[PDB]
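For reference, the chains in residue letters:
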Number of protein chains: 2
Amino acid sequence: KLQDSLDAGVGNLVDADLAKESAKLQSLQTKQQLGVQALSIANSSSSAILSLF
Amino acid sequence: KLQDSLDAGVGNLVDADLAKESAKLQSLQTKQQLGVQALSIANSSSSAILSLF
C-alpha cells in the first residue's frame, strides 16, 4: 500500500493534463499559420515603392 | 540517445532559419527591380546633350 501511494504522489507531481495541452496545441498551430500569413504580408508591403518610378 | 544528441547538435550548428531567408529573398528581389529602373534612369541622362546641340 505504501509503494502504491508513493507512486501516485510522484504521478501527481509530474504527470501532465493532456486536455489542456491539446487545446493549446490547436490554438498554437492556428497562430502559426496566421504568423506565416502575416510574414507574407510584411514581405509584400515593400513592393509598392517599386512602381513609383 | 548519444547518436541523436550529437546529430541534433550538428544540426543546430549548420541548419538555416528559412523564414528570415524568404524575407530576404523578397526584399532582395524588390531591390533588384528598383535597381534596374535606376540603371535605366541613369542611361537616360546622357540623352539631353543631343537636344542641347
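Described in the following lines is the structure provided in the data block. (Residues numbered from 1 in each chain as written, not as in the entry; some residues may be left out. Chains lettered and ligands numbered in written order. Part of a larger assembly, values for the part shown. Heavy atoms only, no water.)

1. A look at the overall build of chain A
Okay, step 1: A count of helical and extended segments in chain A gives 2 helices and 0 strands.
Okay, step 2: Its C-alpha atoms give chain A a radius of gyration of 24 Å, clearly above 10 Å, the size a compact globule of 53 residues would have.
Okay, step 3: Taken along the three principal axes of its C-alpha coordinates, chain A extends 85 × 15 × 5 Å.
Okay, step 4: Burial status across chain A gives 4% buried among its 53 residues.
Okay, step 5: When the accessible surface of chain A is summed, it comes to about 4,800 Å², and 63% of that surface belongs to carbon and sulfur atoms.
Okay, step 6: Looking at chain A, you have 4 positive and 5 negative side-chain charges, and the mean spots of the two groups are 11 Å apart. (Helix = DSSP H or I, 4+ residues; strand = E, 2+ residues; numbered from the N terminus. Rg over C-alpha atoms; globule rule 2.2 N^0.38 Å. Buried < 20%, exposed > 50% of the residue type's maximum accessible area, 1.4 Å probe, protein only. Areas by Shrake-Rupley, 256 points an atom, 1.4 Å probe, with all protein chains shown as cover. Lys, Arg positive; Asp, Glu negative; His and termini not counted. Charge placed at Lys NZ, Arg CZ, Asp CG, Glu CD.)

2. A few points about the interface of chain A and chain B
Okay, step 1: On the chain B side, the residues contacting the 6 residues of chain A number 7 residues.
Okay, step 2: Three residues, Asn43(A), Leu50(A) and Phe53(A), lead the burial of chain A against chain B; their summed loss comes to 68% of the area buried on that side.
Okay, step 3: The interface formed by chain A and chain B includes 0 salt bridges.
Okay, step 4: At the boundary of chain A with chain B, the tally comes to 0 residue pairs in polar contact.
Okay, step 5: Broken down by class, the residue content of the side of chain A that touches chain B amounts to 3 nonpolar, 3 polar and no charged. (Contact = heavy atoms within 4.5 Å. Buried area = accessible area lost by both parts, 1.4 Å probe. Salt bridge = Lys/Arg side-chain N within 4 Å of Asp/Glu carboxyl O. Polar contact = N/O pair within 3.5 Å; in protein donor to acceptor, adjacent residues only side chain to side chain. Nonpolar A, V, L, I, M, F, W, Y, C, P; charged D, E, K, R; others polar.)

3. A few points about the pattern of salt bridges
Residue and element names in this part refer to chain A.
Okay, step 1: Per the stated rule, a full pass over the model turns up 1 salt bridge over all chains.
Okay, step 2: Measuring nitrogen to oxygen at the nearest pair gives 3.7 Å for the salt bridge that ties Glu21 to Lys24. Here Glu21 pairs with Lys24, and both are found in helix α2 (residues 18–44), just 3 residues apart, close to one helical turn.

4. Looking at helix α1 (residues 2–14) of chain B
Okay, step 1: Along its 13 residues, α1(B) runs 19 Å from first to last C-alpha, staying within 8% of the 18 Å computed at 1.5 Å per residue.
Okay, step 2: A small share of α1(B) lies buried, amounting to 1 of its 13 residues. (Expected span 1.5 Å × (residues − 1).)

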